[PDB]
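Quick heads-up: the structure tokens below are two forms of one chain, split into structure 1 and structure 2.
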Structure 1
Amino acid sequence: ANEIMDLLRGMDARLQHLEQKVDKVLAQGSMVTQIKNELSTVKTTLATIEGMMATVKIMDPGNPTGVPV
């Protein structure tokens, strides 16, 4: 009779910390979002470096400049 109710509260309790463990992982996305925001700046600085290298490469006078189309 009452034993089943006892184990029932036991289940409620178990699930209650299921929430906690999950609450933690949901809160783990904080970096994921920031790292995306800052990776945007990493991307633009990378692109600038790549463009500078392309420009210096084509600045050599041995091989003349050929524009696509």
Structure 2
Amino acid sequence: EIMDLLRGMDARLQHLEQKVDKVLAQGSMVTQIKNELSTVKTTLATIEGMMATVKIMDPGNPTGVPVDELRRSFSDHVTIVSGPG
């Protein structure tokens, strides 16, 4: 029983060793993801900064082009949602 008490133990143990070497890659990939997501925070801060202060201007009709031509606008109501929806 002692042989049995050792041989399978060593075999399982070697399997554990292999799985452990596989698992230590977790820490590495996880910290790389952490840093990359930190860069995502850095760039998302800038994209809000740019989007928060944006100019929306209506060109108007200073040229005096006839209204027939200026008729490039849809005439059908379309239901779109923004935040709530």
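Whichever C-alpha set is largest while still superposing within 1.5 Å between the two forms counts as the rigid core. Residues are numbered by position in structure 1's sequence, first residue being 1.
Chemist: Examine residue 57 after superposing the rigid core and state whether its CA is displaced by 2 Å or more between the two structures.
Modeler: It does shift by 2 Å or more.
Chemist: Enter the rigid core superposed C-alpha shift of residue 15 between the two structures, rounded to one decimal in Å.
Modeler: The shift comes out to 1.0 Å.
Chemist: For residue 30, what C-alpha shift in Å results between the two structures following superposition on the rigid core?
Modeler: It moves 2.0 Å at the C-alpha.
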